[PDB]
Engineer: 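The structure's right below; bear with me while I get my questions together.
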Amino acid sequence: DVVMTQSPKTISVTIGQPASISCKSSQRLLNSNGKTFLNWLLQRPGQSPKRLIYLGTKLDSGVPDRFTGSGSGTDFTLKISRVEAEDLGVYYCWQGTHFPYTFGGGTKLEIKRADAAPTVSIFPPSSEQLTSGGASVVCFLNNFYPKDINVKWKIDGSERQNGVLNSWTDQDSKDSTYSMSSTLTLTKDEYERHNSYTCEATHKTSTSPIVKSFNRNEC
Amino acid sequence: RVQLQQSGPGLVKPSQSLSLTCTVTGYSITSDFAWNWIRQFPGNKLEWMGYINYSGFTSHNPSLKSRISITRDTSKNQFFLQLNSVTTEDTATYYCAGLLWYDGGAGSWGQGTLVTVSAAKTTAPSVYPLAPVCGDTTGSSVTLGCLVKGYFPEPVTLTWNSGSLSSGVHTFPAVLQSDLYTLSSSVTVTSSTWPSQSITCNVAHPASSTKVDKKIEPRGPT
């Protein structure tokens with residue numbers, strides 16, 4: 001089968017600057033009628049892939065003309081003249097010349113922006129959950145940049161490692177930031193046994209963690 | 001313009017079959033296009049499964065070795081996917097996609113439907129309000145949230161104030177543990193607006209036909 005190799009794996013670009021990404025196929029994609037069935041697609045976060053380029057070099061229907069496809073034979077390039085935040089996502093190439101049809105492994109475009117510290121919020125378990133037997137403590141670390149971040153949980157001042165599940169958003173095109181949620185789940189009986197709960201976020205924007213805490217049974 | 005939409009059961013037992021429908025509107029399925037099925041696995045991995053074209057001719061990936069059938073019903077302007085002998089490796093987001101036969105142009109994909117291959121039982125979520133602690137309400141903005149816990153399979157939908165609150169929202173990918181998922185969402189508003197303007201998280205779990213509309217009440221007197 002034809003192997004479609006994209007490089008780079010990831011690219012981080014400032015709004016207004018150009019971007020260029022490569023797709024190389026293991027076999028030539030020209031056909032017997034002079035057509036090259038090479039498409040480029042973009043997949044934005046939480047969306048389906050959408051058309052960009054087809055026939056190797058042609059703008060697909062409705063696509064902004066900031067996108068250009070070039071190349072021939074086995075080596076293809078997608079260029080974005082000036083990147084906008086809504087261009088972030090994963091770019092794929094696809095070939096339709098050789099059965100079975102195959103896709104590149106994707107190149108993820110990240111928007112580079114100024115560092116931002118996270119906005120940290122901690123939430124006690126709800127009264128409803130506490131009637132259940134379980135207890136979840138939730139901490140949101142929102143709208144930060146760059147994406148790498150660390151969260152540490154403490155119960156009465158001591159660090160707690162098990163029962164922690166984290167989830168990260170994709171980059172947001174509205175402000176080019178990332179967000180993260182961390183949930184500490186305990187039994188209700190263990191939660192009701194201890195007093196103070198603390199979420200600590202460590203990010204490159206500051207040498208000192210952002211700490212948010214509460215006491216059980218205080219508003 | 002042409003619009004595509006996948007439908008079909010979101011949870012399939014191992015060794016049974018997935019059966020999906022693609023409804024095409026805005027274009028006749030007997031003209032011009034190849035009607036494709038494509039699926040997506042974790043890791044940006046896309047796999048072309050096959051097509052049926054405008055004349056009814058089909059093609060499918062040898063990777064699917066005899067397990068796949070692609071068919072159509074021209075009276076309903078629909079085409080279909082059946083994939084048999086499924087295993088957990090067939091868990092994926094399934095897409096239908098039309099491309100023009102002549103040049104591969106005009107690619108139009110449905111929204112995608114998740115199919116989970118699992119023996120685990122369908123379970124409705126509990127939806128818990130995340131009300132801010134008192135000490136974090138005295139700023140100019142305030143963050144509230146909702147925790148959707150203990151459901152199976154994916155997906156759920158979550159909106160705030162029936163969708164009329166869409167700015168300042170973060171809805172996080174679900175996390176799976178012991179065959180149940182948990183998902184959270186935060187919303188941030190100008191603090192002086194709350195609690196005068198109420199905030200409700202609306203959760204739907206189609207697989208269990210369950211909806212919850214949870215109003216966030218402040219901690220403290222209500």
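Both backbone and side-chain heavy atoms feed into the values below; hydrogens, waters and symmetry mates do not. Every chain is numbered from 1, with letters handed out A, B, ... down the list of sequences.
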Engineer: Looking at OH of B/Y128 and CD of A/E128, how far apart are the two atoms once the value is rounded to the nearest 0.5 Å?
Structural biologist: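 Atom-to-atom, B/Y128:OH and A/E128:CD are 8.0 Å apart.
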Engineer: More than 12 heavy atoms of other residues, nucleotides or ligands under 6.0 Å from CD of B/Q3: yes or no?
Structural biologist: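 Counting neighbours around CD of B/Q3, 12 or fewer heavy atoms of other residues, nucleotides or ligands fall under 6.0 Å, so no.
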Engineer: For the residue pair B/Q111 and A/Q47, confirm or rule out a side-chain donor-acceptor distance under 3.5 Å.
Structural biologist: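 B/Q111 vs A/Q47: no donor-acceptor pair found between side chains.
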Engineer: In terms of heavy-atom proximity below 4.5 Å to chain A, should B/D136 be classed as side chain, backbone, both, or neither?
Structural biologist: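 Just the side chain, heavy atoms under 4.5 Å.
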Engineer: Of all of B/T137, B/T93, B/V175, B/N36, which one pairs up most often with chain A through heavy atoms under 4.5 Å apart?
Structural biologist: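 Highest number of pairs under 4.5 Å: B/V175.
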Engineer: With chain B, which of A/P124, A/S132, A/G96, A/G62 has the greatest number of heavy-atom pairs at distances under 4.5 Å?
Structural biologist: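 Looking at each of A/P124, A/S132, A/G96, A/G62 in turn, A/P124 comes out on top.
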Engineer: Select, from B/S63, B/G112, B/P173, B/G135, the one with the greatest count of heavy-atom pairs under 4.5 Å involving chain A.
Structural biologist: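 Highest number of heavy-atom pairs under 4.5 Å: B/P173.
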Engineer: Apply side-chain hydrogen bond (donor to acceptor under 3.5 Å, both in side chains) to the pair A/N143 and B/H170, showing each step before the final yes or no.
Structural biologist: CA-CA 9 Å; A/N143 301 81; B/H170 299 289; 2.9 Å; yes
Engineer: In Å and rounded to the nearest 0.5 Å, what is the CG to CZ distance from B/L144 to A/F140?
Structural biologist: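 CZ of A/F140 is found 9.5 Å from CG of B/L144.
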Engineer: Could you tell me which residues in residues 179-196 of chain B have at least one non-hydrogen atom under 4.5 Å from a non-hydrogen atom of chain A, sorted by residue number?
Structural biologist: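 Residues B/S184, B/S185, B/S186 are the ones that qualify, each having a heavy atom under 4.5 Å from chain A.
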Engineer: Mind checking the NZ-OG spacing from A/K174 to B/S167? Nearest 0.5 Å is all I need.
Structural biologist: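 The distance works out to 8.0 Å.
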Engineer: Pick one of side chain, backbone, both or neither for A/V120, based on which atoms fall under 4.5 Å of a heavy atom in chain B.
Structural biologist: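 Backbone of A/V120 only, per the 4.5 Å heavy-atom cut-off to chain B.
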Engineer: Pick one of side chain, backbone, both or neither for B/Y102, based on which atoms fall under 4.5 Å of a heavy atom in chain A.
Structural biologist: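 For B/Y102, backbone and side chain are both near chain A.
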Engineer: Could you tell me which of B/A34, B/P62, B/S126 has the largest number of non-hydrogen atom pairs under 4.5 Å with chain A?
Structural biologist: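 Counting heavy-atom pairs under 4.5 Å, the top option is B/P62.
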Engineer: For A/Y101, is it the side chain, the backbone, both, or neither that has a heavy atom closer than 4.5 Å to a heavy atom of chain B?
Structural biologist: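 Both parts, backbone and side chain.
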Engineer: Can any side-chain N or O of A/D60 pair as donor or acceptor with the backbone N or O of B/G105 at less than 3.5 Å?
Structural biologist: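 Between the backbone of B/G105 and the side chain of A/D60 there is no qualifying donor-acceptor contact (under 3.5 Å).
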Engineer: Does NZ in A/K108 sit with more than 12 non-hydrogen atoms of other residues, nucleotides or ligands closer than 6.0 Å?
Structural biologist: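 Buried by this count: over 12 neighbours within 6.0 Å.
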Engineer: Which heavy atom of B/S59 sits nearest to which heavy atom of A/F99, and what is that distance?
Structural biologist: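 Of all heavy-atom pairs spanning B/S59 and A/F99, the closest is OG-CE1, 3.3 Å.
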Engineer: Is the NZ atom of A/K35 crowded by more than 12 outside heavy atoms at less than 6.0 Å?
Structural biologist: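 For A/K35, atom NZ is crowded (more than 12 foreign heavy atoms under 6.0 Å).
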Engineer: Shorter than 4.5 Å, heavy atoms on both sides: which option in A/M180, A/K50, A/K58 has the most such pairs with chain B?
Structural biologist: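 Answer, by heavy-atom pair count under 4.5 Å with chain B: A/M180.
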Engineer: Picking from B/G145, B/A131, B/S141, which has the most non-hydrogen pairs under 4.5 angstrom with chain A?
Structural biologist: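 Between B/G145, B/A131, B/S141, the count favours B/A131.
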Engineer: Which bit of A/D175 comes within less than 4.5 Å of chain B, counting heavy atoms only: side chain, backbone, both or neither?
Structural biologist: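 When you check distances to chain B, no heavy atom of A/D175 falls under 4.5 Å.
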Engineer: With a 4.5 angstrom heavy-atom cut-off, is it the side chain or the backbone of B/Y95 that approaches chain A, or both, or neither?
Structural biologist: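 Just the side chain, heavy atoms under 4.5 Å.
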Engineer: Who wins among A/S181, A/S61, A/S127, A/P125 for the most heavy-atom pairs under 4.5 Å with chain B?
Structural biologist: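 Heavy-atom pair counts peak at A/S181.
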Engineer: Does anything in residues 210-222 of chain B reach chain A? List residues with heavy atoms under 4.5 Å apart, or say none.
Structural biologist: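 Residues of residues 210-222 of chain B touching chain A at under 4.5 Å: B/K214, B/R219, B/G220.
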Engineer: Can you tell me how far apart CD (B/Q177) and OG1 (A/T185) are? Round to the nearest 0.5 Å.
Structural biologist: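 With rounding to 0.5 Å, CD (B/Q177) is 8.0 Å from OG1 (A/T185).
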Engineer: What residue among B/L147, B/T143, B/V133 forms side-chain contact (heavy atoms from CB on, under 4.5 Å) with A/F123?
Structural biologist: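 Exactly one pass, corresponding to B/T143.
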Engineer: What's the separation between atom CG in A/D1 and atom CH2 in B/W48, rounded to the nearest 0.5 Å?
Structural biologist: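 Between atom CG of A/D1 and atom CH2 of B/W48 there are 10.0 Å.
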Engineer: Could you tell me which non-hydrogen atom of B/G110 sits nearest to which non-hydrogen atom of A/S48, and how far apart they are?
Structural biologist: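 Result for this residue pair: O-OG, 2.7 Å.
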Engineer: Identify which part of B/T171 has an atom lying under 4.5 Å from any heavy atom of chain A, answering side chain, backbone, both or neither.
Structural biologist: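 Backbone only.
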Engineer: Do B/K45 and A/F103 meet the cation-pi criteria used here (NZ or CZ under 6.0 Å from the six-membered ring centre, within 45° of the axis)?
Structural biologist: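 Judged by the rule, B/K45 and A/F103 form no cation-pi pair.
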Engineer: For A/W168, which atoms come within 4.5 Å of any heavy atom of chain B: side chain, backbone, both, or neither?
Structural biologist: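 Just its backbone gets close to chain B.
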Engineer: Kindly indicate, with the supporting measurements, whether the criterion side chain to side chain contact (heavy atoms under 4.5 Å, CB included) is fulfilled by B/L99 and A/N39.
Structural biologist: CA-CA 11 Å; B/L99 277 70; A/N39 292 6; 3.8 Å; yes
Engineer: Would you check if B/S108 and A/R51 make a side-chain contact, meaning some heavy-atom pair closer than 4.5 Å?
Structural biologist: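 Heavy-atom side-chain distance check passes, below 4.5 Å.
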Engineer: Without swapping roles, check the side chain of B/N44 against the backbone of A/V90 for a donor-acceptor pair under 3.5 Å.
Structural biologist: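 A pair under 3.5 Å: no.
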Engineer: To the nearest 0.5 angstrom, please state how far the CG atom of A/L41 sits from the CH2 atom of B/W109.
Structural biologist: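 A/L41 atom CG to B/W109 atom CH2 measures 6.0 Å (nearest 0.5 Å).
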Engineer: Just give me the residue among B/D103, B/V142, B/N61 that pairs up with chain A most often, heavy atom to heavy atom, under 4.5 Å.
Structural biologist: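 Heavy-atom pair counts peak at B/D103.
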